[PDB]
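Before any questions on how it binds or moves, here is one chain, the form deposited in one PDB entry, in structure tokens.
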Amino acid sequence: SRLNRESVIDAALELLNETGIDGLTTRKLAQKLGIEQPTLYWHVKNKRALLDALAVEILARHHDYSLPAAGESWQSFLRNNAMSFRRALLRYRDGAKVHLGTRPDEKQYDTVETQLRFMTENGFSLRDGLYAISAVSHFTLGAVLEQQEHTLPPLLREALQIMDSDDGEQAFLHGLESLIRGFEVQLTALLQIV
């Protein structure tokens, strides 16, 4: 079939949904595209090259809320961006693990830059603004990884039914809010003992 970057990646993502990250190989990607292994190598050198490309494309394709709207508060921005990141990671099987394994990308670097400007304009230092964006990312990554992996005593028994009744979204959205408020309390305090 056709072997430009876009088609290769469409085929690799679709293969990702069939096999998961551990299962995904170039040899099976070559089968799906109706081509021999050495043809594929011209286009994609190894699994690691494939996964880096996949990590960037999952976000380009689906991480739709990467930038603040006109007028938007920093709280609201961190919320919408976390929700969008989460959703993009959930869209493909082992999506979170595909993301974790990769350093960020020339275009992802101008987006995070704009975010860091945004947070500085709203009164964060570079430091505290970086800590805020990192905490959000790490919390989200961790929640999604746990959700994607999974799928007694009393209190637990009831506990692990309120966590199962849902796919993890409620637990995530509540913790998101706790995190944002915690940042707000940090920020608002300036140099007072908080």
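Residue indices: 1-based, along the sequence shown. Think of the rigid core as the biggest set of C-alphas that the two forms share within 1.5 Å after superposition.
Count the deposited residues lacking coordinates between residue 151 and residue 152 and you get 10 or more of them. The deposited model assigns a higher average Cα B-factor to 97-105 than to the other stretch when 77-85 and 97-105 are compared. Checked against the record, the higher mean CA B factor of 18-26 and 172-180 lies with 18-26. For the set 39, 165, 140, 134, the maximum C-alpha B-factor listed in the entry falls on 165. Residue 43 sits in the lowest third of its chain by CA B factor, as recorded in the PDB entry. Per the PDB record, residue ranking by Cα B-factor puts residue 119 in the middle third of the chain. Sorting the modelled residues of the chain by their CA temperature factor places residue 144 in the lowest third. Sort the modelled residues of the chain by CA B factor and residue 56 lands in the lowest third.
Placement of the Cα temperature factor of residue 130 within the chain: middle third of the modelled residues, per the deposited record.
The same protein also has a form deposited in another entry, omitted here; what follows describes it.
Taking 2 Å as the criterion, residue 123 does not count as shifted between this form and the one not shown: its C-alpha moves by less than this amount when the rigid core is aligned.
The Cα position of residue 102 differs by 2 Å or more between this form and the one not shown after fitting on the rigid core. Relative to what is shown, residue 101 and residue 29 are farther apart in that other deposited form; their C-alpha atoms differ in spacing by at least 3 Å. Panel note: the distance between the CA atoms of residue 101 and residue 30 is larger in that other deposited form than in this form, the difference being 3 Å or more.
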